[PDB]
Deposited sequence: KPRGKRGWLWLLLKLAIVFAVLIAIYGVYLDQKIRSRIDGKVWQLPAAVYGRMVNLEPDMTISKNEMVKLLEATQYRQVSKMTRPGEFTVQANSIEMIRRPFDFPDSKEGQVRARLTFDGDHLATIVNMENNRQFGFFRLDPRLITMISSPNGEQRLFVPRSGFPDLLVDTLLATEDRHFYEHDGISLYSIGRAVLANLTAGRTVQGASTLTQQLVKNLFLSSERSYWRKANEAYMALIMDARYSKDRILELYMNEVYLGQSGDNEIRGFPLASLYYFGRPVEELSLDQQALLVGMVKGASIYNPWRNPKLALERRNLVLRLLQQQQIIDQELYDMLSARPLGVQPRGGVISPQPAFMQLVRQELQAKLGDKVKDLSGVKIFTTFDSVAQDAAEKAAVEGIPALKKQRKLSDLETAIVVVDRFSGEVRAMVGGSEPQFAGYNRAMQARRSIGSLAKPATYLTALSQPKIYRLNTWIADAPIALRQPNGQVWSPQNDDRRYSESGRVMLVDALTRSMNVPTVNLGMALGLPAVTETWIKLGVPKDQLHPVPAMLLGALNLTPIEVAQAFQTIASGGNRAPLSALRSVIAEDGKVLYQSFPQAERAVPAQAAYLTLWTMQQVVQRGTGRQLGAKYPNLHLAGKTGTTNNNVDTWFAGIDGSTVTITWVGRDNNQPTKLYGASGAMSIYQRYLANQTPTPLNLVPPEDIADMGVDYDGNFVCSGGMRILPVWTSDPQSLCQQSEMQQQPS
């Protein structure tokens, strides 16, 4: 019965149909790749040699003595030499660039291409791959075409071992062998290994399969497939006793070689992807997600949390203590770092987005910002009464707020500037009540805090406002930018596999409060750090000229710190998940975590550029403006400083 060779031949044509429907189109449901911030280096930019090495190491760059592969760098007395690895940037796709970065003190002078010895207007740094968004299959892959793999890695694989391809692609011996002779005849020998190098099982991440050479190289070493050393190339081929198999591959093909994710930040990323695009993203294959994430700021914030919390737990003899750190861009609102606990590597509860706590004294700048927005009535030299308060509540209660020392000024008065500097409760209520709670509540709305959290009662002025550190970061960013509310974002762009722009971020800053009131509040916040509540930071970092504010709720249940540098707004919270005493203050708790965060990186000094109609004016001991001289110089929102003439008469 020669009929058999006809029904098996028609099965081969109906197998060639199946190897077409798959390979001609969607081969895999490639998970979405999440990338960090794309840093553009530029001549005259304020970055040091040490700051650049740290930035490089954080972006998966390895320090060497002589460069041979991309993603490597060398350190010299006043320069850095690097082979910037190829990256498919959304703006323009680039390749290998051998560049030299020459420094002059705290700033970069030149970025010169070592191939033609020419200067760069700006030089692009590739972003670090943070994580992959969980695939529906559970099979995690990162697609790279044939060419992307080095010739040595290909040869380490050929041999040991088309036959395997079909097994992992369509099967649960004769069936695959028939498919193998259908495959090899239809597609080129090089196309065959392209699919093989992106199919093979190489690892396990919980209950998510880590398959293919490009994702395995990063999942095991933290460096791309192109930049794999022969010993590492052998191990990746060998996995297709652990040290023994690496050496087993080495002997097959010597003695030297044989001797040799962000759960807090991703919550915001996944939440923003859902809000901006919807359910349309998840279906699409091989999506590229570009975030605002800073590897340098994060590693520094994690280190400050992992080291600071147990150091505070041993000093105050605490059984349990927790923290939350949110770093956002001063001007754009871009979220650079997010810490939701003392264990930022191993987490389920994100304190930076879920721990809704009383803000305390962090509510004070809203009151002074509302006051300073009215320059014809409220200035820095404005006298505020500091005497016993008794306010009527419905029905029979009397609210008598006190300053922390339960004391009042001998004169019964303080200047607005000192009241915020020292975080004095009594004059803050007096000022807040004279302006009225609806005026102070309106400032908060403009600062971008949630509307449903604002209850306009006298207690609001002192800190009866429950917010998460991210909502506090939004409020402080608005004051820090110079009075522009830039809605906080984790997403820069969302790009399809075919290079199609699905989502693109654009600036949407809104003028919330006047620039002058925001400056006057910021300059006053520099006084808290230098001479007021945050004085311990100001003594450690006097040249940074930080603008800050401490927070210490009633019964030491919460310690807050709102730190502002030249480039970032950092909100720190230190407290207990059981809402209990921490034996800590704003300065000793949250601020101690911020210093460590400042020491763990290189911060940008805050040089307040005064906006329009700002004049430095002299006041006498009585607080009255004087023409020439005065024992105190205060900046004033005025277009004609001859407020002095009117005052002197």
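Mapping the modelled residues onto the deposited sequence reveals missing stretches at 1-15, 177-211, 223-229, 298-310, 324-333, 341-352, 742-747.
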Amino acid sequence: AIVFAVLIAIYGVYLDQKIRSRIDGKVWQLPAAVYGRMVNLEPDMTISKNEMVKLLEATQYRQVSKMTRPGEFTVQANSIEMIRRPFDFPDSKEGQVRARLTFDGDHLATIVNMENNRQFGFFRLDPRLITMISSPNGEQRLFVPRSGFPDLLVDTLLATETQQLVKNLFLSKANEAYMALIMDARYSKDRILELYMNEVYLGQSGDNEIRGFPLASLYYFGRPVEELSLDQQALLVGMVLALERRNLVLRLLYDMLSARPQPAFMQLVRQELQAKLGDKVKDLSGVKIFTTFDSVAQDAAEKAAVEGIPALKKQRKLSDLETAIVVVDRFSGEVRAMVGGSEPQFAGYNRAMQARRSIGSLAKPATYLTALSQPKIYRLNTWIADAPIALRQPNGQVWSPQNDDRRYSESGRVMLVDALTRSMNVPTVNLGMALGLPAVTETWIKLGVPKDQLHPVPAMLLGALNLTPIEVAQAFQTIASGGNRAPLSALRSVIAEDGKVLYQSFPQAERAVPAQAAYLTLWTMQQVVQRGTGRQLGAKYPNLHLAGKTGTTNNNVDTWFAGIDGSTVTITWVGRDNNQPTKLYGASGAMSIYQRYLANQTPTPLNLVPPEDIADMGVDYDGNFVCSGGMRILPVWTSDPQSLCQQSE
From here on, numbers count along this sequence of modelled residues.
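Think of the rigid core as the biggest set of C-alphas that the two forms share within 1.5 Å after superposition.
In summary, of the stretches 325-333 and 341-349, 341-349 shows the greater Cα distance from the shown form in 7 other deposited structures of this protein, with structures fitted on the rigid core. Greater C-alpha displacement in 7 other deposited structures of this protein (rigid core superposition, RMS over structures and residues), of 390-398 versus 114-122: 390-398. Once the C-alpha B-factors are averaged per stretch, 498-506 and 467-475 rank with 498-506 first. For the two regions 561-569 and 71-79, the entry's Cα B-factors average higher over 71-79. The entry assigns its greatest Cα B factor, within the set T524, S400, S258, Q516, to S258. Highest CA B-factor among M631, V626, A9, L634, as stated in the entry: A9.
Sort the modelled residues of the chain by CA B factor and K26 lands in the highest third. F143: CA B factor lies in the highest third for its chain, per the PDB record. Ranked against the other modelled residues of its chain, the C-alpha B-factor of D88 as given in the entry falls in the middle third. Ranked within its chain, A174 lands in the highest third, by CA B factor from the PDB record. Ranked against the other modelled residues of its chain, the C-alpha B-factor of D329 as given in the entry falls in the lowest third.
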